[PDB]
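Q: What follows is start.csv, CSV, C-alpha atoms (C1' of nucleotides).
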```
chain,number,residue,atom,x,y,z
A,226,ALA,CA,70.7,-37.9,-164.8
A,227,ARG,CA,70.8,-40.0,-161.6
A,228,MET,CA,69.6,-43.6,-161.7
A,229,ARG,CA,66.7,-44.8,-159.6
A,230,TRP,CA,66.5,-48.5,-158.7
A,231,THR,CA,62.7,-48.8,-159.3
A,232,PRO,CA,61.2,-52.2,-158.0
A,233,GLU,CA,61.1,-53.5,-161.6
A,234,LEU,CA,64.7,-52.6,-162.4
A,235,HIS,CA,65.7,-54.3,-159.1
A,236,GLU,CA,63.7,-57.4,-159.9
A,237,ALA,CA,65.5,-57.5,-163.2
A,238,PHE,CA,68.9,-57.1,-161.4
A,239,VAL,CA,68.0,-59.9,-159.0
A,240,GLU,CA,66.9,-62.5,-161.6
A,241,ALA,CA,70.1,-61.6,-163.4
A,242,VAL,CA,72.2,-62.2,-160.3
A,243,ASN,CA,70.4,-65.5,-159.6
A,244,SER,CA,71.0,-66.7,-163.2
A,245,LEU,CA,74.6,-65.9,-162.6
A,246,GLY,CA,74.5,-68.1,-159.5
A,247,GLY,CA,74.2,-65.7,-156.5
A,248,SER,CA,75.6,-62.3,-155.6
A,249,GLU,CA,79.1,-63.5,-154.8
A,250,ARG,CA,79.5,-65.4,-158.1
A,251,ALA,CA,77.9,-62.6,-160.2
A,252,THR,CA,79.9,-59.9,-161.9
A,253,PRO,CA,79.0,-56.2,-162.7
A,254,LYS,CA,79.6,-56.7,-166.4
A,255,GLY,CA,77.7,-60.0,-166.3
A,256,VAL,CA,74.7,-58.5,-164.7
A,257,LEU,CA,74.9,-55.6,-167.1
A,258,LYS,CA,74.8,-57.8,-170.2
A,259,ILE,CA,71.9,-59.9,-168.9
A,260,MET,CA,69.7,-56.9,-168.1
A,261,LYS,CA,70.4,-55.2,-171.5
A,262,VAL,CA,68.8,-52.0,-170.4
A,263,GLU,CA,69.3,-48.8,-172.5
A,264,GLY,CA,71.4,-46.2,-170.7
A,265,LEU,CA,72.4,-48.5,-167.8
A,266,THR,CA,76.2,-48.3,-167.2
A,267,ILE,CA,78.5,-50.8,-165.6
A,268,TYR,CA,79.1,-48.2,-162.9
A,269,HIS,CA,75.4,-48.3,-162.0
A,270,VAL,CA,75.4,-52.0,-161.6
A,271,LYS,CA,78.7,-52.1,-159.7
A,272,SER,CA,77.6,-49.8,-156.9
A,273,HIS,CA,74.2,-51.5,-156.6
A,274,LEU,CA,75.6,-55.0,-156.5
A,275,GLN,CA,77.9,-53.8,-153.7
A,276,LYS,CA,74.9,-52.9,-151.6
A,277,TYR,CA,72.9,-56.0,-152.6
A,278,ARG,CA,75.9,-58.1,-151.5
A,279,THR,CA,76.1,-56.6,-148.1
A,280,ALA,CA,72.4,-56.5,-147.4
A,281,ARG,CA,72.2,-60.2,-148.1
A,282,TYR,CA,75.4,-62.0,-146.8
B,226,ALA,CA,91.8,-34.3,-149.0
B,227,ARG,CA,90.1,-37.7,-149.0
B,228,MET,CA,89.8,-39.2,-145.6
B,229,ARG,CA,91.5,-42.5,-144.7
B,230,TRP,CA,90.1,-44.6,-141.9
B,231,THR,CA,93.4,-45.7,-140.4
B,232,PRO,CA,93.1,-48.5,-137.8
B,233,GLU,CA,93.6,-46.0,-135.0
B,234,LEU,CA,90.9,-43.6,-136.2
B,235,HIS,CA,88.6,-46.6,-136.6
B,236,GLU,CA,89.4,-47.8,-133.1
B,237,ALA,CA,88.5,-44.3,-131.9
B,238,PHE,CA,85.2,-44.4,-133.9
B,239,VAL,CA,84.4,-47.8,-132.4
B,240,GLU,CA,85.0,-46.9,-128.8
B,241,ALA,CA,82.9,-43.8,-129.4
B,242,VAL,CA,80.0,-45.9,-130.9
B,243,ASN,CA,80.2,-48.3,-128.0
B,244,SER,CA,80.1,-45.5,-125.4
B,245,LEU,CA,77.0,-44.3,-127.3
B,246,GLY,CA,75.5,-47.8,-126.7
B,247,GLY,CA,76.0,-49.6,-130.1
B,248,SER,CA,75.8,-48.7,-133.8
B,249,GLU,CA,72.1,-48.4,-133.9
B,250,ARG,CA,71.8,-46.1,-130.9
B,251,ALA,CA,74.8,-43.9,-131.9
B,252,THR,CA,74.5,-40.8,-134.0
B,253,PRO,CA,76.9,-39.1,-136.5
B,254,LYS,CA,77.0,-35.9,-134.5
B,255,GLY,CA,77.4,-37.8,-131.3
B,256,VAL,CA,80.3,-39.9,-132.6
B,257,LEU,CA,81.8,-36.7,-134.0
B,258,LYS,CA,81.8,-34.9,-130.7
B,259,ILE,CA,83.3,-37.8,-128.8
B,260,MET,CA,86.2,-38.3,-131.1
B,261,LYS,CA,87.1,-34.6,-131.2
B,262,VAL,CA,89.5,-35.0,-134.1
B,263,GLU,CA,90.8,-32.0,-136.0
B,264,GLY,CA,89.5,-31.7,-139.5
B,265,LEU,CA,87.0,-34.6,-139.2
B,266,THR,CA,83.6,-33.6,-140.5
B,267,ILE,CA,80.1,-34.9,-139.7
B,268,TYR,CA,79.9,-36.1,-143.3
B,269,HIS,CA,83.0,-38.3,-142.7
B,270,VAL,CA,81.5,-40.0,-139.7
B,271,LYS,CA,78.0,-40.3,-141.3
B,272,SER,CA,79.2,-42.3,-144.3
B,273,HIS,CA,81.5,-44.5,-142.2
B,274,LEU,CA,78.9,-45.3,-139.6
B,275,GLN,CA,76.6,-46.3,-142.5
B,276,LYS,CA,79.2,-49.0,-143.5
B,277,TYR,CA,79.9,-50.0,-139.9
B,278,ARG,CA,76.2,-50.5,-139.3
B,279,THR,CA,75.8,-52.8,-142.3
B,280,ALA,CA,79.0,-54.8,-141.8
B,281,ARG,CA,77.8,-55.5,-138.2
B,282,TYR,CA,74.0,-56.0,-138.0
C,1,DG,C1',59.3,-21.9,-145.0
C,2,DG,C1',64.2,-22.4,-143.6
C,3,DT,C1',67.9,-25.0,-140.7
C,4,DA,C1',69.9,-28.9,-139.1
C,5,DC,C1',70.0,-33.3,-138.8
C,6,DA,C1',69.2,-38.5,-139.3
C,7,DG,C1',68.8,-42.2,-142.5
C,8,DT,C1',69.4,-44.0,-147.0
C,9,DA,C1',70.6,-44.4,-151.9
C,10,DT,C1',73.7,-43.8,-155.3
C,11,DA,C1',77.9,-42.3,-157.1
C,12,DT,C1',82.8,-41.7,-157.3
C,13,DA,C1',87.6,-42.6,-156.3
C,14,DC,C1',91.1,-46.0,-154.8
C,15,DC,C1',93.8,-50.4,-155.4
C,16,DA,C1',95.1,-54.6,-157.2
C,17,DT,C1',95.5,-57.9,-161.0
C,18,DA,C1',95.4,-59.7,-165.5
C,19,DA,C1',95.9,-59.5,-170.3
C,20,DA,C1',97.7,-57.4,-174.2
D,1,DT,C1',103.0,-49.8,-169.8
D,2,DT,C1',98.2,-49.3,-171.1
D,3,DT,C1',93.4,-50.8,-170.6
D,4,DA,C1',89.8,-53.1,-168.5
D,5,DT,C1',88.0,-55.0,-164.9
D,6,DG,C1',86.5,-56.4,-160.0
D,7,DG,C1',86.6,-55.4,-155.3
D,8,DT,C1',86.3,-51.9,-151.9
D,9,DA,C1',86.4,-47.4,-149.6
D,10,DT,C1',84.6,-43.1,-149.3
D,11,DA,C1',81.9,-39.3,-150.7
D,12,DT,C1',77.9,-37.0,-152.3
D,13,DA,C1',72.8,-36.6,-153.2
D,14,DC,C1',68.3,-37.6,-151.9
D,15,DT,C1',64.2,-37.7,-148.4
D,16,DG,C1',61.9,-37.0,-144.4
D,17,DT,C1',61.1,-34.7,-139.9
D,18,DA,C1',61.6,-31.8,-135.8
D,19,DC,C1',62.4,-27.2,-134.4
D,20,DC,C1',62.1,-22.6,-134.7
```
For the file at hand, write its structure as structure tokens.
A:
Amino acid sequence: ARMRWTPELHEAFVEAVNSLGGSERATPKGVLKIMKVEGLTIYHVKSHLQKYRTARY
Amino acid sequence: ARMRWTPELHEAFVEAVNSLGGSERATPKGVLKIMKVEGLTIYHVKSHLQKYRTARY
DNA sequence: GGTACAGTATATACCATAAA
DNA sequence: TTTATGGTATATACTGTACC
């Protein structure tokens, strides 16, 4: 299937990234392990963090 | 093949986008037709303009 | 009701580096 | 010399809309 970043999933992702101390500091694997979401791969998080990083700073 | 945005190709792409009056105004097809580069598809330009747009404004 | 396109989201491939 | 990872570049899929 193709992942959809629903506004909940994204809010999870953000809280995660904040805990990790901002988008720049945060790591894919780190975000992954904090979210603990069934079926979410590292590759899902990696791509999305890449966007999140650019649409921020 | 997989396209590589060599610093020349990119300089072409930019001049194009400028002629078209900035990244926001510019269109994939428009940039395409101004560059007139053998083997360059609209899909190449589309993706790259998407990046150019975010790493600018 | 089918193109052709723009805009956007997501995925995938590349490239370097560290650790073993 | 593999494996795992992060960063990054590029590609591919989705969604709407205008035109015909």
Q: Once chain A is fitted onto chain B by least squares over all its in-order Cα atoms, send the moved chain as a short mmCIF file (atom, residue, chain, number, x, y, z; two decimals) with C-alpha atoms, keeping the file's coordinate frame.
A:
```cif
data_model
loop_
_atom_site.label_atom_id
_atom_site.label_comp_id
_atom_site.auth_asym_id
_atom_site.auth_seq_id
_atom_site.Cartn_x
_atom_site.Cartn_y
_atom_site.Cartn_z
CA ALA A 226 91.85 -34.10 -149.16
CA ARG A 227 90.17 -37.52 -148.87
CA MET A 228 89.87 -39.17 -145.46
CA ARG A 229 91.48 -42.50 -144.70
CA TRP A 230 90.01 -44.64 -141.91
CA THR A 231 93.42 -45.70 -140.45
CA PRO A 232 93.13 -48.58 -137.78
CA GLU A 233 93.60 -46.00 -134.99
CA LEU A 234 90.93 -43.62 -136.26
CA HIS A 235 88.58 -46.64 -136.58
CA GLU A 236 89.36 -47.82 -133.08
CA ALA A 237 88.53 -44.34 -131.91
CA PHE A 238 85.22 -44.43 -133.91
CA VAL A 239 84.35 -47.81 -132.41
CA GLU A 240 84.96 -46.92 -128.72
CA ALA A 241 82.90 -43.84 -129.44
CA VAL A 242 80.05 -45.88 -130.87
CA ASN A 243 80.21 -48.33 -127.93
CA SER A 244 80.09 -45.45 -125.40
CA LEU A 245 77.05 -44.29 -127.23
CA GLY A 246 75.53 -47.75 -126.76
CA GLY A 247 75.99 -49.58 -130.12
CA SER A 248 75.84 -48.62 -133.77
CA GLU A 249 72.06 -48.37 -133.97
CA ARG A 250 71.78 -46.07 -130.93
CA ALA A 251 74.80 -43.91 -131.96
CA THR A 252 74.47 -40.74 -133.97
CA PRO A 253 76.89 -39.11 -136.53
CA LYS A 254 77.07 -35.89 -134.55
CA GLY A 255 77.46 -37.87 -131.32
CA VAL A 256 80.32 -39.87 -132.60
CA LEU A 257 81.85 -36.72 -134.02
CA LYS A 258 81.84 -34.89 -130.69
CA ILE A 259 83.30 -37.85 -128.79
CA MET A 260 86.22 -38.33 -131.18
CA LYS A 261 87.08 -34.57 -131.24
CA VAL A 262 89.47 -35.00 -134.09
CA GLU A 263 90.77 -31.89 -135.97
CA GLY A 264 89.46 -31.70 -139.53
CA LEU A 265 86.98 -34.60 -139.15
CA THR A 266 83.53 -33.58 -140.52
CA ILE A 267 80.13 -34.93 -139.68
CA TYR A 268 79.94 -36.09 -143.29
CA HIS A 269 82.97 -38.32 -142.72
CA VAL A 270 81.45 -39.96 -139.75
CA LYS A 271 78.01 -40.34 -141.34
CA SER A 272 79.19 -42.35 -144.33
CA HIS A 273 81.49 -44.51 -142.19
CA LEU A 274 78.87 -45.29 -139.59
CA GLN A 275 76.60 -46.37 -142.46
CA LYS A 276 79.11 -49.00 -143.47
CA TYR A 277 79.94 -50.01 -139.88
CA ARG A 278 76.19 -50.52 -139.32
CA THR A 279 75.76 -52.82 -142.22
CA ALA A 280 78.92 -54.81 -141.73
CA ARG A 281 77.84 -55.59 -138.20
CA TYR A 282 73.98 -56.10 -138.04
#
```
Q: Quick check: residues of chain A within 12 Å of chain B, all atoms listed in the file, returned as a list in words.
A: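 So the residues of chain A near chain B are residues 275, 276, 277, 278, 279, 280, 281 and 282 of chain A.
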Q: Counting all atoms listed in the file, select every polymer residue within 12 Å of (79.9, -61.4, -165.2) as defined in the file's coordinates, and provide the selection as a list in words.
A: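 In the file's frame, the residues around the point are residues 241, 242, 243, 244, 245, 246, 247, 248, 249, 250, 251, 252, 253, 254, 255, 256, 257, 258, 259, 260, 267, 270, 271 and 274 of chain A; 5 and 6 of chain D.
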Q: Might you pull out every residue within 10 Å of residue B:227, with only C-alpha atoms (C1' of nucleotides) counted and same-chain residues fewer than 3 positions away left off, and present them as a list in words?
A: residues 230 and 269 of chain B; 13 of chain C; 10 and 11 of chain D
Q: Using only C-alpha atoms (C1' of nucleotides), what table do you get, as CSV, when you list each residue of chain D with an atom no more than 12 Å from chain A, its nearest pair of atoms, and their distance in Å rounded to one decimal, rows by chain then rising number?
A:
```
residue,atom,partner,partner_atom,distance
D:4,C1',A:254,CA,11.0
D:5,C1',A:254,CA,8.7
D:6,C1',A:252,CA,7.7
D:7,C1',A:275,CA,9.0
D:8,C1',A:275,CA,8.8
D:9,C1',A:275,CA,11.4
D:13,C1',A:227,CA,9.3
D:14,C1',A:227,CA,10.3
```
Q: What are the residues of chain C lining chain B at 10 Å or less? Count all atoms listed in the file, and put the answer as a PDB file with C-alpha atoms (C1' of nucleotides), in the frame of the given file.
A:
```pdb
ATOM      1  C1'  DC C   5      70.000 -33.300-138.800  1.00  0.00           C
ATOM      2  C1'  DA C   6      69.200 -38.500-139.300  1.00  0.00           C
ATOM      3  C1'  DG C   7      68.800 -42.200-142.500  1.00  0.00           C
ATOM      4  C1'  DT C   8      69.400 -44.000-147.000  1.00  0.00           C
ATOM      5  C1'  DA C  13      87.600 -42.600-156.300  1.00  0.00           C
TER       6       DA C  13
END
```
Q: So how many Å separate atom CA of residue A:237 and atom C1' of residue C:11, to one decimal?
A: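 Atom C1' of residue C:11 lies 20.5 Å from atom CA of residue A:237.
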Q: What's the separation between atom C1' of residue D:12 and atom CA of residue B:234, in Å to one decimal place?
A: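 Interatomic distance, atom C1' of residue D:12 to atom CA of residue B:234: 21.7 Å.
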Q: What is the atom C1' of residue C:16 to atom CA of residue A:273 distance in Å?
A: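 We find that atom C1' of residue C:16 and atom CA of residue A:273 lie 21.1 Å from each other.
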Q: Residues within 12 Å of residue D:20, please, as a list in words. Count all atoms listed in the file; anything in the same chain fewer than 6 positions from it doesn't count.
A: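 Contacts, in chain order: residues 1, 2, 3 and 4 of chain C.
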Q: For stretch 2-8 of chain C, what centre and edge lengths in Å (one decimal) does the axis-aligned box get once 6 Å is added on each side of all its listed atoms, as lines of an AutoDock Vina configuration file?
A:
```
center_x = 67.1
center_y = -33.2
center_z = -142.9
size_x = 17.8
size_y = 33.6
size_z = 20.2
```
